[PDB]
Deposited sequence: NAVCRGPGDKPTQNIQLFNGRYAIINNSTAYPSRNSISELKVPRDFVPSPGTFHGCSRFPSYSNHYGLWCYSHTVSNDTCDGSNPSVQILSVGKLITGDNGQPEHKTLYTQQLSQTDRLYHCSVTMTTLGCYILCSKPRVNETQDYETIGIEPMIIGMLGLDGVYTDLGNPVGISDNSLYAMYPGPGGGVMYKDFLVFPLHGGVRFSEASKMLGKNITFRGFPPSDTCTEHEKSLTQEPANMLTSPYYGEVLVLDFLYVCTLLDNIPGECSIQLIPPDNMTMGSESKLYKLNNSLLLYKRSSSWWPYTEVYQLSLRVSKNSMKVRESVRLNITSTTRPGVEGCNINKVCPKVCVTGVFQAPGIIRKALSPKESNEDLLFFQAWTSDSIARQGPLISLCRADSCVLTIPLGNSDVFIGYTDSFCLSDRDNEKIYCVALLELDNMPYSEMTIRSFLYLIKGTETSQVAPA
């Protein structure tokens, strides 16, 4: 590594625009598998808060080495899912067969859902590398009486040891949660990816011992270990990343424990939270943690959005994005490594204020760290 970070022109953004004058897009969801990637977000009209029906956009493509050796996201196929009464809540996971998407289609707002036993309807689908979208129907493995609510993402899932894994968070009664082990907790949706159809799908509860209340989340796969980023939904002020240790068997993956990384380099502005998921370049494995993050700083020295390259306890590089009036909403980042060391590219997916045209829009941006 070196002490250098700069922005690069992205001539062709792989993130599609809302597609109409008053359209808004929210909730970027990204997943890449080696050189293949999948991107998804939710599109509604005027406002993206659930008061209007929405659709989901799903893109798969591949990485090419464009001008100057920087990576480029080449879109191969795009699919729009059917309209839903309110918001989509989706998580995507890229595989060699294509992109799998897990979504919740709420008919009511979040508060009304958590007060009623039973989860809102869900779908799981797949966009193949041949551009064909297959609706795999209702995700199998969901018990009615046990669960009050269940939402995937918005972060992406990962492929772990031939297992299809999605991040979830939902409401489970204390009695039913203790059995598995109304509370709000963090879950994994674990499927076996035998052929083209997922099988042996179940909801695994993550041990909430060292964790905050369940929240919007993202999965990582690093050095054959699972990490979980969580939107801070509690008084805990620091970016939350948990190390997950599993116990794998044939057609069985359960979460044994969840260890919170001691991150104090970046914080949330609250003295709720915002989903601002980092791009993890180097895992901890047990001071070596290095990550890239687009976050909102409320410090006295820096008020406003920042692009940072940070260790667990400190940030080594920071790019101010503007004054406190520059709004960024949800953010998700990921970094692509160059086999030749000492060159790192990170992409920042940013929700941007789009008023008075519509609530929000998403764009991506490219940063070089040398």
task: Write out the missing regions of the deposited sequence in sequence order, one range per stretch.
output: 1 to 32, 214 to 250, 341 to 354, 370 to 374, 459 to 468
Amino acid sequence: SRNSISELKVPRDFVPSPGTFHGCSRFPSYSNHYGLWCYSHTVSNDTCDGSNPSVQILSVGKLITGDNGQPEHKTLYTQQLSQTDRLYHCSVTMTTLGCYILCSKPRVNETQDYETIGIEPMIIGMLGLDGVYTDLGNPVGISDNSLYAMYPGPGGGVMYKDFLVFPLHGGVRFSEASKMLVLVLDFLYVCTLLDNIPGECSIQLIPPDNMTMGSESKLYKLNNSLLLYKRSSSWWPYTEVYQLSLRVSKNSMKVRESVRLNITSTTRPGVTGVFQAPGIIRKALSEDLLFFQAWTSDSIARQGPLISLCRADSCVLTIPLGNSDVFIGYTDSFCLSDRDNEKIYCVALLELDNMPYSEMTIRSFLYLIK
From here on, numbers count along this sequence of modelled residues.
Segment of higher mean CA temperature factor, 333 to 341 or 34 to 42: 333 to 341
task: For the higher mean C-alpha B factor in the entry, choose 43 to 51 or 64 to 72.
output: 64 to 72
query: In this PDB entry, which of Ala301, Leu309, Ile57, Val326 has the top CA B-factor?
result: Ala301
Out of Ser91, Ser82, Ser143, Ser215, highest CA B-factor residue: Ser143
- request: Place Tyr114 in the lowest, middle or highest third of its chain's C-alpha B-factors, as listed in the PDB entry.
  value: middle
statement: Of the three thirds of the chain ranked by Cα temperature factor, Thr192 occupies the highest
- prompt: Which third of the chain holds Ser29 when residues are ordered by C-alpha B factor: lowest, middle or highest?
  reply: lowest
message: Where does the C-alpha B-factor of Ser249 rank in its chain, lowest, middle or highest third?
response: highest
task: Within this chain's modelled residues, let me know which third the CA B factor of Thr267 belongs to: lowest, middle or highest.
output: middle
